[PDB]
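Trainee: Output the structure for:
(chains A and B)
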Amino acid sequence: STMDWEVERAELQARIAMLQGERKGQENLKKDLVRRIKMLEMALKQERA
Amino acid sequence: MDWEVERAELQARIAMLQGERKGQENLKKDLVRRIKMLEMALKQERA
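Mentor: Numbers count the residues shown, from 1 in each chain, chains lettered A, B, ... in the order given. Please find the structure below.
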(Lines give C-alpha, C1' and ligand atoms only; values in the text may rest on other atoms or scores of the structure.)
Protein backbone atom coordinates (compact mmCIF):
# COMPACT_ATOMS: atom_id res chain seq x y z
CA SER A 1 0.00 0.00 0.00
CA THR A 2 1.12 3.63 -0.04
CA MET A 3 1.26 3.89 3.74
CA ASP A 4 4.99 3.53 4.27
CA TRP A 5 5.67 6.24 1.71
CA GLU A 6 2.97 8.63 2.96
CA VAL A 7 4.39 8.31 6.50
CA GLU A 8 7.98 8.84 5.32
CA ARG A 9 7.00 11.78 3.09
CA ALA A 10 5.14 13.44 5.97
CA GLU A 11 8.16 13.16 8.26
CA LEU A 12 10.42 14.68 5.61
CA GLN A 13 7.96 17.51 4.95
CA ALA A 14 7.69 18.18 8.67
CA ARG A 15 11.49 18.47 9.01
CA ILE A 16 11.48 20.83 6.05
CA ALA A 17 8.67 22.86 7.67
CA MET A 18 10.66 23.20 10.89
CA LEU A 19 13.84 24.24 9.08
CA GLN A 20 11.92 26.74 6.91
CA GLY A 21 10.17 28.14 10.00
CA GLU A 22 13.53 28.64 11.72
CA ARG A 23 15.07 30.23 8.64
CA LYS A 24 12.10 32.60 8.21
CA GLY A 25 12.35 33.56 11.88
CA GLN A 26 16.08 34.21 11.54
CA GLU A 27 15.66 36.19 8.31
CA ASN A 28 13.02 38.42 9.86
CA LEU A 29 15.02 38.91 13.04
CA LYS A 30 18.11 39.77 10.97
CA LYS A 31 16.18 42.45 9.05
CA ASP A 32 14.88 43.98 12.30
CA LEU A 33 18.36 43.96 13.83
CA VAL A 34 19.73 45.83 10.81
CA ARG A 35 17.15 48.59 11.28
CA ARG A 36 18.00 48.80 14.96
CA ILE A 37 21.69 49.25 14.13
CA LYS A 38 20.92 51.99 11.61
CA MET A 39 18.82 53.86 14.21
CA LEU A 40 21.49 53.51 16.91
CA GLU A 41 24.06 54.89 14.46
CA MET A 42 21.78 57.91 13.91
CA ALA A 43 21.21 58.38 17.66
CA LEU A 44 24.96 58.14 18.32
CA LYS A 45 25.76 60.68 15.61
CA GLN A 46 23.08 63.09 16.85
CA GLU A 47 24.23 62.67 20.46
CA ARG A 48 27.80 63.46 19.40
CA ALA A 49 26.85 66.66 17.50
CA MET B 1 10.07 5.47 -9.21
CA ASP B 2 8.05 8.63 -8.58
CA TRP B 3 8.64 8.22 -4.87
CA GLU B 4 12.40 7.78 -5.34
CA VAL B 5 12.61 11.11 -7.22
CA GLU B 6 10.55 13.10 -4.70
CA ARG B 7 12.45 11.39 -1.87
CA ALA B 8 15.76 12.52 -3.31
CA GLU B 9 14.54 16.11 -3.78
CA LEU B 10 13.09 16.39 -0.23
CA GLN B 11 16.32 14.97 1.20
CA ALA B 12 18.50 17.39 -0.77
CA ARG B 13 16.30 20.21 0.55
CA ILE B 14 16.73 19.20 4.21
CA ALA B 15 20.49 18.88 3.64
CA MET B 16 20.92 22.34 2.11
CA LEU B 17 18.73 23.95 4.81
CA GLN B 18 20.79 22.27 7.55
CA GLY B 19 24.04 23.54 6.03
CA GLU B 20 22.81 27.14 6.16
CA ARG B 21 21.93 27.27 9.85
CA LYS B 22 25.39 28.05 11.19
CA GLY B 23 25.77 30.96 8.76
CA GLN B 24 22.42 32.42 9.78
CA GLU B 25 23.43 32.05 13.41
CA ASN B 26 26.85 33.59 12.72
CA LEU B 27 25.22 36.65 11.15
CA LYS B 28 22.78 36.97 14.04
CA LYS B 29 25.76 36.95 16.46
CA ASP B 30 27.47 39.57 14.29
CA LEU B 31 24.50 41.92 14.42
CA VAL B 32 23.76 41.43 18.13
CA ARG B 33 27.40 42.27 18.95
CA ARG B 34 27.19 45.45 16.82
CA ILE B 35 24.09 46.52 18.76
CA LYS B 36 25.73 45.76 22.12
CA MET B 37 28.71 47.98 21.30
CA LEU B 38 26.56 50.73 19.81
CA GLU B 39 24.32 50.72 22.89
CA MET B 40 27.40 51.04 25.11
CA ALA B 41 28.69 53.83 22.90
CA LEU B 42 25.38 55.72 23.12
CA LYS B 43 25.06 55.30 26.90
CA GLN B 44 28.62 56.50 27.48
CA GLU B 45 28.08 59.51 25.24
CA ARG B 46 24.79 60.37 27.01
CA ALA B 47 26.49 60.05 30.43
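
Trainee: Would you agree residue A:12 is in contact with residue B:10?
Mentor: Yes. Using CB atoms under 8 Å, residue A:12 and residue B:10 qualify as a contacting pair, with a distance of 4.3 Å. In this view, the C-beta of every residue, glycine as well, is placed from N, C-alpha and C.

Trainee: now for whatever helix or strand residue A:7 lives in, which elements pack on it?
Mentor: Residue A:7 belongs to helix A:3-48 when assigned by DSSP states H and E. Under the contact definition 3 or more CB pairs under 8 Å, 6 or more residues apart in numbering or on different chains; DSSP states H and E, helix A:3-48 sits against helix B:2-19, helix B:21-46.

Trainee: so can I have a markdown table of those helices showing mean neighbour count?
Mentor: Shown next, in a markdown table, are these (neighbours: other CB atoms under 10 Å in any protein chain shown):
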| stretch | mean neighbour count |
| --- | --- |
| helix B:2-19 | 12 |
| helix B:21-46 | 13 |
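
Trainee: so what's residue A:22 closest to, chain neighbours aside?
Mentor: residue B:21 (7.3 Å; CB to CB, 6 or more residues apart in numbering or on different chains).

Trainee: Would you agree that neighbour is in contact with residue A:25?
Mentor: No. Using CB under 8 Å, residue B:21 is not in contact with residue A:25, being 11.6 Å away.

Trainee: Give me the common contacts of these two.
Mentor: Counting by CB atoms under 8 Å, 6 or more residues apart in numbering or on different chains, residue B:21 and residue A:25 have no shared contacts at all.

Trainee: Could you double-check that residue A:34 sits in contact with residue B:30?
Mentor: No. Residue A:34 is beyond contact range of residue B:30, at 10.5 Å (criterion: CB under 8 Å).

Trainee: Alright, calling it a day.
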